[PDB]
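Participant: Fold the following.
(chains A, B, C, D, E and F, ligands or ions: 6)
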Amino acid sequence: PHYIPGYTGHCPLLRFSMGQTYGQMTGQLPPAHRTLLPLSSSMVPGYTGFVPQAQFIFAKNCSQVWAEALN
Amino acid sequence: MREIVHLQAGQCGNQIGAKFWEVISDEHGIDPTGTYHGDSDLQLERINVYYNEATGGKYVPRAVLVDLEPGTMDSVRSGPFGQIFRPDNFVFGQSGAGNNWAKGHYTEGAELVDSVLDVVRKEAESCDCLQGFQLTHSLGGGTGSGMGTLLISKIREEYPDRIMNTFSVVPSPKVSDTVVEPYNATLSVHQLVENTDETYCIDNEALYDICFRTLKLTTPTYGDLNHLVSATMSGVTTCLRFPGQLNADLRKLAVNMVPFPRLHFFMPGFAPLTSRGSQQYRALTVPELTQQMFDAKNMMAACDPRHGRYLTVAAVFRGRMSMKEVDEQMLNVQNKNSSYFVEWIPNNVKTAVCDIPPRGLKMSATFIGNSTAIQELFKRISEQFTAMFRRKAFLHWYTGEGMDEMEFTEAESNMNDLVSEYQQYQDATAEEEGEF
Amino acid sequence: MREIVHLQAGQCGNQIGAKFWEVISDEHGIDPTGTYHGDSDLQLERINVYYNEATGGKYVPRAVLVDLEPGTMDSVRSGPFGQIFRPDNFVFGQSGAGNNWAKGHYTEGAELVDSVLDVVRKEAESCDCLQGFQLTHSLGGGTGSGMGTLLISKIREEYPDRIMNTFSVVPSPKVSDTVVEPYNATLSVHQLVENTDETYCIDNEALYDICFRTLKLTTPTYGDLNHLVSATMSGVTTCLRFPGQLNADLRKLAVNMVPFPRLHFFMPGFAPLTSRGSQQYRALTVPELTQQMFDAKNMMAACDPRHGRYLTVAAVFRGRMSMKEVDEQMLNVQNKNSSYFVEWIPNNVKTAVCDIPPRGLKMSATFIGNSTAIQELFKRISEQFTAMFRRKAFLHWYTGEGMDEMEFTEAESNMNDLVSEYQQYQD
Amino acid sequence: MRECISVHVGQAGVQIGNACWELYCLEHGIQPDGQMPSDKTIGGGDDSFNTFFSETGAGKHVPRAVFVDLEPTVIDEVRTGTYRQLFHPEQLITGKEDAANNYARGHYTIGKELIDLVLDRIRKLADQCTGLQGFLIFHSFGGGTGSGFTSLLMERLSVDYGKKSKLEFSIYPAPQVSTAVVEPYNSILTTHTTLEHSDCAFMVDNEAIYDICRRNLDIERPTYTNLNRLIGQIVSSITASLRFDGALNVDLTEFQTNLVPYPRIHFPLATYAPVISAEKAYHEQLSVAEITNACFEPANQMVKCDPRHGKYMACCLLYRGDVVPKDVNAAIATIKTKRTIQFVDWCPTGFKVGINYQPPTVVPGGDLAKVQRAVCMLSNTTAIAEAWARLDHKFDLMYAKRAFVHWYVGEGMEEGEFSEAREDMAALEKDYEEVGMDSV
Amino acid sequence: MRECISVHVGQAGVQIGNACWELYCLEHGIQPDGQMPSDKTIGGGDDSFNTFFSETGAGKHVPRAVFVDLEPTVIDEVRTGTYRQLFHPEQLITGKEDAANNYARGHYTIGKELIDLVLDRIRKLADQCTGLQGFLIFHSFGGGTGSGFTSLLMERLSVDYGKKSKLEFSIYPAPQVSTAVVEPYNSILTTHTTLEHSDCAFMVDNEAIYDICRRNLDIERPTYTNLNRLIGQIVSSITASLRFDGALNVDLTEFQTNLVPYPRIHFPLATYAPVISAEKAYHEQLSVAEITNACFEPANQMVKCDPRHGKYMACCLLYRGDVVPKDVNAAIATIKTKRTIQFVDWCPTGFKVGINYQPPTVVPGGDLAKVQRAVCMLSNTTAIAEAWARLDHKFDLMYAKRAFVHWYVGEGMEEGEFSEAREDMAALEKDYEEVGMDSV
Amino acid sequence: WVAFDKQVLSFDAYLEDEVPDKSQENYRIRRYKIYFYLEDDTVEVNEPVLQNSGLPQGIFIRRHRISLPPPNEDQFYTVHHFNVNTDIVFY
Ligand SMILES: Nc1nc2c(ncn2[C@@H]2O[C@H](COP(=O)(O)OP(=O)(O)OP(=O)(O)O)[C@@H](O)[C@H]2O)c(=O)[nH]1
Ligand SMILES: Nc1nc2c(ncn2[C@@H]2O[C@H](COP(=O)(O)OP(=O)(O)OP(=O)(O)O)[C@@H](O)[C@H]2O)c(=O)[nH]1
Ligand SMILES: Nc1nc2c(ncn2[C@@H]2O[C@H](COP(=O)(O)OP(=O)(O)O)[C@@H](O)[C@H]2O)c(=O)[nH]1
Ligand SMILES: Nc1nc2c(ncn2[C@@H]2O[C@H](COP(=O)(O)OP(=O)(O)O)[C@@H](O)[C@H]2O)c(=O)[nH]1
Ligand SMILES: [Mg+2]
Ligand SMILES: [Mg+2]
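Facilitator: Numbering: from 1, shown residues only, chains lettered A, B, ... in the order given. Ligands and ions are numbered 1, 2, ... in the order given. Please see the structure below:
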């Protein structure tokens, strides 16, 4: 779970450290940490009525956006 | 996709409309906060006809509320189902009208108009496909159509391009107790015809008679009078909202009830009205609904249907039902009294069957009729302009403002010809030779 | 890895800049004592754009606090986040500004330019690859218009290749604070049209109007106005600070909004503005945010866009968002309003999308628009200038420091070309 | 290999097909979720579903149907109903606004906004087809999309597919019971297109199915569902020989060459004789003679016109069940001995006979009964002229005062098209007269 | 052995390649970290990974890609993403500050400081290469670093590596909407740079992906991730015949000799036919004849254009999965007989076909479905002159008033190259139309 | 109605709320004034005017007789159902 050598940007307390590789001086040094990255069958997609919370979301089918809205 | 925006004007639009929105919220299953607590899914399938989804599971209506007095729609926003309306829709003036119609058209010409047009615009455009608008108001007050033909002449510029219903409260025939009253009856008309042409004229005197003789409520307020109209408003839109065996939206009613383009007269009526002590002893059958909705008693407009001819009849019913009983209503009453169903129209009845009934009731209907006995409604207003128009005595209050009095005198000329056009199609028969 | 050094001048610009450092801090989760306590590593990913590391897990903002009187530096320091500023960056004079342009640019500005340039060039060499500047000031006061213009002149003479930005409070027609208000403005924008290359034009009655009938606050103080201008202050630079599906830095907005080397005055804005009573009644999605872009309801400058035509517009979005739902709708608002956008420009709009939304908001955006309606503002204050200059009303204060008669009319000949250039390309 | 695409247009057409595809799936082994069940088999395979269903690689049967309609919440009943996964979501296509009982709106204003998509789906459904016999449409003469959009569909299908056996099923406005006031306008306008672009137009009335439900089926207060099952029973019998083998297998092409004698006369009378309730079905024997007799009875017709005022031209009898040819010939012979049943002298033969071995299938919750044998009658009389002369009386009664005409002229048609639609109707009565008088 | 180098320059190209390389890893057995799981069954050959991946001892496979940009904010999410250990750390090179929608900056200002380190790395990859076919770059067509750095990259890689089949993937700004106002300036400036150095520059639109996903996938409001996913499949289909054996193997050199009839007409359009949802693939039968026909429909093209106007010149079709050659020969023959699809009169052959034995891999969380058959067709037609003429007028309408010119001429670039790129665009259009009329 | 002519029982109250867009708050506490009227058994609630943050303020529910929670809704609110530090449901 280290930083790759090509990585520019900001890592804390890099300026006061020395003598170690970029994957070791970063790996030695927040709870929500995501940078490193560690019913649908009861309705057909031609439907044109209304379901709540169903006019918002992508990354999945219409027949799947009524899955995530219900579930 | 098909959708309605409710415009409420006056106290009358605001008090009737507030009762209307609580009815629809019960029918669709919305609490006074704005969330859904219904016991079915079809109560939610077409709720994009009157309500918009706001983030948080909070359904919000699509009514813009218009009045020229701040005080009236604070009671609307603090009523039982009153916090559902979004505040921006609540568009108020600071000074309204009073006493003189001539004041009413020489008072606030264009101040509140453009503010409402912005609200009507955003609410209509942020949607899919507009079925139309509906407007609740009464023909009265210290302005009549004085604010009206002032404010709405800026809105009628493009509004008659789609559907626009109007449940209008017509003046009652009782007494003249507004002192200088018979000047607001003449200056009311102008464009009283050619901008809605789907007006459901609703009298308050007939509203009491259904509450006194039919419902047998001892003390009917204005509130339960607004309950009767709210059922009818729900009735003419229930095929659009709830599924049915024979669907009929607003246009399908409008196409199938309006032979000529100058017929803003649809006297309403709700079939299964029974007293509380007599509801237990009620059959509630298809003939039972039909003998009440066609009856002169159950007519929310002070015009007895046996004074003229039904030009066209609509029969939007609700439940699991029949329609052939209505056929016997012509064949008995028409072919025997041909003056109660217009003969140059072969079949005068449109029917509709919406499966989901009103709450509590098993079966219902919603009659609207274009009977030619509505000649008398714009005739009581006709003897109520001529009676005091010629003296112009207390009109010195009018005189200070006092617009062009050709506009005084051209309004009834655009009303008595409407009566004549109804007198024609009451007396016109199939073989056009025997009435000359 | 790119960075923006911050500067602020004047009394209002100090408080606007201070409120900007409130907004950056809690969006990047850093407390009044400069220690990180938020919960996201996105927050410290691009922290070097505005802040500097200090020993002990400590983050200090990179800003230079500038004025003439010591009555504003102690007020900012006494504030809730006044401690995070470096005291060595507190560069200021001794005597008062005097609400005069020639006092803050010629006489008392000359003893501080040797101090403010060294502290800026100290912060411009400790960095990796410099990109641009930020300045908060106004055109109504003395020190905000005099040294807030002299600072612009000296920096470009030293850093010509870095895209300068300055966010100015242009004067108000009716809400008037000083009687020499059009004097200080027309002199300042005489240089700001030449040596800025990007600046945003912010009124104060529009801030009053959007805080009264949009946000629905009864008695708005200054602080909520500072928070509202700081909301659009940070949204320009959010593409530097968090990733996205197409990003746009300050140089990207400069090349791709400014059509000609002189017309770089823009209208700010911020999309999810709503009262506390209407928050439950808003379906917070981009079909209502895109209409919130182009309507005059959310204009932070009080020149209505319907009396002009949009040259170029940028809309920088922040949140988990669909892409055609922005892309098709920004086309549709151009198609539905064809007369409000200029010809000789096919698409008038930039879309930029940032991944991370602000705290507590699922979805936000900031409006940035170039309109020909800016000429309404500059011609009006030109008329207000010549109402007093032909009388030689208040020049006795300005002429005492070494300003002759022709330095004023040269500024107006170099200002009336702005309304001339805007009208020339409006039709 | 032999097959036909079914088109369902209008609220009438969609609701007919829902009780019709319910019959078709149950006639075969097809469940509401498309797939046939692994356990239990309804019969031999024979690839008999091919006439109405298409087989996929995963083992799913898909109906060759398009549910095209401008009314959104009658198709969404199918979209949330039991037959959910049977149909494609893109086979079921909806408009945004109704035609509102306007022929002009369904033909000109709304109809052009959806005619491109439905022809693309008809083309894609027919592209995998090999030996397509023809099309079946289901509509009513009174609706907007049932008359206007139907008329536009035959206009486009005539040039895209040429001369092809394009059958038509429709619902007539009854003489008395009618749910619309503009209904004589829509019926007289859509027949102006049916007369030239429909190869055969089956003629069905609401009042007559109301009459046979209360009299034969012995049910009081019948609903639209019961009329829907009676129609789907006949349409199954029309396409009966396409799927099941019989003594006399009769094709859709053999229908047209043996029913309609001249290119305007394609309006057969529909009759289903063994329609009987379960409590009175198993008591008496149902011979093939007495159900051939019940086909010629005046009240068992499904259009309100008795053939005593007319003369028969060609009768197509479609028998199903345990029916041998020899006693059909005895039943036909004893009909010919009656002088009350009038036959034209230019059809000495008169009858076309089709025998099938598959008896009709009963639906759960239906009101019919399981009969060993059954018959469908396709008559052709001059008595249909009085069913249209009443419609002209209904049309002329309200067109003469120009009632409801501005509800048509404003929506993209001229006033002369009304007189042009009555024109072909003014000729159709005289066309039925000239094939009725005896040659001397 | 059958290898290619895929340098992905631009902020769009690195995000196209993010979903392109996730498809490549899951098509083989390579995990997101680069590990190659033992005793796991996958469907390649044994040297199938060798097109896009190198072999190390520890089982780690590294992609043969170089991610190039000038914004450090879009590779840092790759450099910290799930695919950190996949890419070798020196592959993911970055810039210092944005190119900022400027052809004059990515070609003259920042590119010179970093093009020296780009081609040196391509030398490090090509030295390890032994049988190289071509170069697969991914870039946008109207950006700063996708249109300015791309020109320096291609011009230098063309002169260093000589004659090598350097094909190109680009995202074309055709339609009514765009993400920038200065973007039409970048469009024609990079067209001159890709006119003589490119060999097969495939154009892909953005609104075209929007319409085919909204319709065929039944999915509303797209983001860029599923746009990346579809491009990943349409490049994986192209290079599948290098990675897997098939009935008709088509190498990348076989594309060159017949997709490009003249050396200036090397802009083929692409199309992927089974873009089908997870629910519909369970409903429709998927066969060769009806998706080859559905591939030529104008509503499924990857470029927002009208192929019914221009007449086709060359089409190659690539088939994946259970495809047999006679079904294609029936599918091609039934398309040559369609009169709505028009070819140029000179070439009667028209088509090339390749059949691969590997069905496409569907990624978890995607929108496509597990189909046993796929068609990817690369069409060279006369139609893209429409997409080019309304971009040339889109440029000219800006260039007349000299808008957004001082930003370009202020650094590196002189004004005279604007008119030279415009007249070469006119010469490109004119030469593209002079191969349209019928010879005599 | 003559022994209780102008006698009103007044209570403090507040409502908890969930906010969709948490730009300035996480949970809301809106103060209220429960008025009970002895002459007609009638309930009125009010929202007092606060600082520069305004809602639509004023009357929240009009002076009418709110029945009960949906269990046994036929009855109405009396003086015995009102107490301090308790939970009462108004629509
Ligand atoms: N037999 C039968 N007839 C029906 C049924 N439903 C509707 N109809 C017929 O349809 C007529 C009503 O008009 P429709 O054709 O349904 O109108 P529509 O199809 O909804 O078309 P639009 O008016 O454009 O919306 C009635 O006169 C009935 O005869 C049904 O379920 N069974
Ligand atoms: N499919 C897809 N397209 C993208 C994505 N990101 C950017 N694009 C495309 O890139 C276009 C804008 O990017 P460009 O301005 O060309 O960016 P560029 O080519 O990398 O050059 P720069 O502007 O300097 O970053 C948009 O119209 C998108 O079509 C992505 O993640 N997926
Ligand atoms: N049904 C009903 N009628 C009302 C109400 N308020 C007023 N009206 C009727 O409207 C007439 C006067 O109302 P009006 O002055 O027009 O109210 P305005 O529109 O606000 O000016 C009276 O004769 C009443 O009968 C109400 O709340 N309900
Ligand atoms: N947003 C914001 N604007 C302010 C604040 N204080 C003052 N202003 C604006 O700035 C103007 C006064 O600043 P100015 O006189 O130019 O300050 P000076 O340059 O130091 O003299 C007023 O018109 C205000 O509209 C503040 O705290 N926040
Ligand atoms: Mg319908
Ligand atoms: Mg980029």
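
Participant: in which helix or strand would I find residue 60?
Facilitator: You didn't pick a chain, so chain A it is. In this assignment (DSSP states H and E), residue A:60 forms part of neither any helix nor any strand.

Participant: um, chain F though
Facilitator: Secondary structure assigned from DSSP H and E places residue F:60 in strand F:58-64.

Participant: in that strand, what counts as buried?
Facilitator: Buried residues in strand F:58-64, counted by 16 or more other C-beta atoms under 10 Å in any protein chain shown: F:59, F:60, F:61, F:62. In this view, the C-beta of every residue, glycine as well, is placed from N, C-alpha and C.

Participant: Repeat that for stretch B:116-125.
Facilitator: Buried-residue list, stretch B:116-125, by 16+ other C-beta under 10 Å: B:116, B:117, B:119, B:120, B:122, B:123, B:124.

Participant: Check whether the biggest helix by length in chain A comes near chain E.
Facilitator: Across chain A, the longest stretch assigned as helix under DSSP state H is helix A:62-70. Yes: judged by C-beta under 8 Å from any C-beta of the partner chain, helix A:62-70 comes into contact with chain E at A:62, A:63, A:64.

Participant: If we go by neighbour counts, what in that helix is buried?
Facilitator: Buried, per 16+ other C-beta under 10 Å, within helix A:62-70: A:62, A:63, A:64, A:65, A:66.

Participant: I figured the first one hits residue E:222, correct?
Facilitator: No: contact status for residue A:62 versus residue E:222: not in contact, 11.5 Å apart, counting by C-beta atoms under 8 Å.

Participant: and the gap between the residue of chain F most remote from its centre and chain A?
Facilitator: The centre of chain F is farthest from one residue, residue F:23, which by C-alpha atoms, centre = their mean lies 27.3 Å away. For residue F:23, the distance to chain A (C-beta to the nearest C-beta, to the nearest Å) stands at 19 Å.

Participant: Is that residue in contact with residue C:360, as I believe?
Facilitator: Yes: between residue F:23 and residue C:360 there is a contact under C-beta under 8 Å: 5.0 Å.

Participant: Next, the contact list for the residue in chain F that ligand 4 sits nearest to, please.
Facilitator: For chain F and ligand 4, the shortest gap (C-beta to the nearest ligand atom) falls at residue F:52, measuring 15.4 Å. Residues near residue F:52 by C-beta atoms under 8 Å, 6 or more residues apart in numbering or on different chains: C:217, C:218, C:219, C:220, C:221.

Participant: What segments of the chain are strands?
Facilitator: With no chain named, the answer covers chain A. Assigned by DSSP state E, the strands in chain A number zero.

Participant: nope, chain F
Facilitator: For chain F, applying DSSP E gives strands covering F:8-18, F:27-37, F:42-47, F:58-64.

Participant: so which of the ones you listed gets nearest chain D?
Facilitator: Of all the strands of chain F, strand F:8-18 sits nearest to chain D, with 31.1 Å by C-beta to the nearest C-beta.

Participant: tell me the angle the closest one makes with strand F:58-64.
Facilitator: For strand F:8-18 against strand F:58-64, the angle by axes from the mean of the first three to the mean of the last three C-alpha atoms, to 10 degrees is 130 degrees.

Participant: Run the contact check for strand F:8-18 versus chain B.
Facilitator: Yes: contact of strand F:8-18 with chain B (C-beta under 8 Å from any C-beta) involves residue F:18.

Participant: Work out the sheet partners of that strand and label each with its direction, please.
Facilitator: Sheet pairing of strand F:8-18 (DSSP bridges) gives strand F:27-37 (antiparallel).

Participant: count of neighbours near residue F:3?
Facilitator: Here the count is done by other C-beta atoms under 10 Å in any protein chain shown, and residue F:3 has 7 residues near it.

Participant: Give me the distance from the strand holding residue F:60 to the chain's centre.
Facilitator: 8 Å (C-alpha atoms, centre = their mean, to the nearest Å).

Participant: strands paired with that strand, and their directions?
Facilitator: Strand F:58-64 is paired, per DSSP bridges, with strand F:42-47 (antiparallel).

Participant: who touches residue 4 in this structure?
Facilitator: You didn't pick a chain, so chain A it is. Contacts of residue A:4 (C-beta under 8 Å, 6+ apart): A:23, E:79, E:80, E:84, E:89, E:92.

Participant: oops, I was thinking of chain F
Facilitator: F:38, F:39 are the contacts of residue F:4 under C-beta under 8 Å, 6+ apart.

Participant: how far away is it from residue F:39?
Facilitator: 5 Å (C-beta to C-beta, to the nearest Å).

Participant: Stretch D:129-148 near chain E at all?
Facilitator: No: on the criterion C-beta under 8 Å from any C-beta, stretch D:129-148 is out of touch with chain E, staying 10.6 Å away.

Participant: Helices of the stretch 1-150 of chain B, residue ranges please.
Facilitator: B:10-28, B:42-45, B:72-75, B:101-105, B:113-125, B:146-151 (DSSP state H, counting those that start in this stretch).

Participant: In terms of secondary structure, what does the second one contact?
Facilitator: Contact here means 3 or more C-beta pairs under 8 Å, 6 or more residues apart in numbering or on different chains; DSSP states H and E; on that basis helix B:42-45 packs against helix B:10-28.

Participant: Render the CA-only coordinates of the helix it packs on in PDB, please.
Facilitator: The C-alpha coordinates for helix B:10-28 follow below in PDB (Å, rounded to 0.1, in the frame of the first residue of the first chain):
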ATOM      1  CA  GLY B  10     -59.100  35.000  -5.400                       C
ATOM      2  CA  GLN B  11     -60.200  33.700  -2.100                       C
ATOM      3  CA  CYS B  12     -62.300  31.300  -4.200                       C
ATOM      4  CA  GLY B  13     -59.600  29.700  -6.100                       C
ATOM      5  CA  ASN B  14     -57.500  29.500  -3.000                       C
ATOM      6  CA  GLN B  15     -60.100  28.000  -0.700                       C
ATOM      7  CA  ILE B  16     -61.600  25.700  -3.300                       C
ATOM      8  CA  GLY B  17     -58.100  24.700  -4.500                       C
ATOM      9  CA  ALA B  18     -56.800  24.000  -1.000                       C
ATOM     10  CA  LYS B  19     -59.700  21.600  -0.500                       C
ATOM     11  CA  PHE B  20     -59.000  20.100  -3.900                       C
ATOM     12  CA  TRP B  21     -55.300  19.400  -3.100                       C
ATOM     13  CA  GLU B  22     -56.100  17.600   0.200                       C
ATOM     14  CA  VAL B  23     -58.600  15.500  -1.800                       C
ATOM     15  CA  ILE B  24     -56.000  14.500  -4.400                       C
ATOM     16  CA  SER B  25     -53.400  14.000  -1.600                       C
ATOM     17  CA  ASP B  26     -55.800  11.500   0.000                       C
ATOM     18  CA  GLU B  27     -56.500   9.900  -3.300                       C
ATOM     19  CA  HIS B  28     -52.900   9.500  -4.100                       C
END
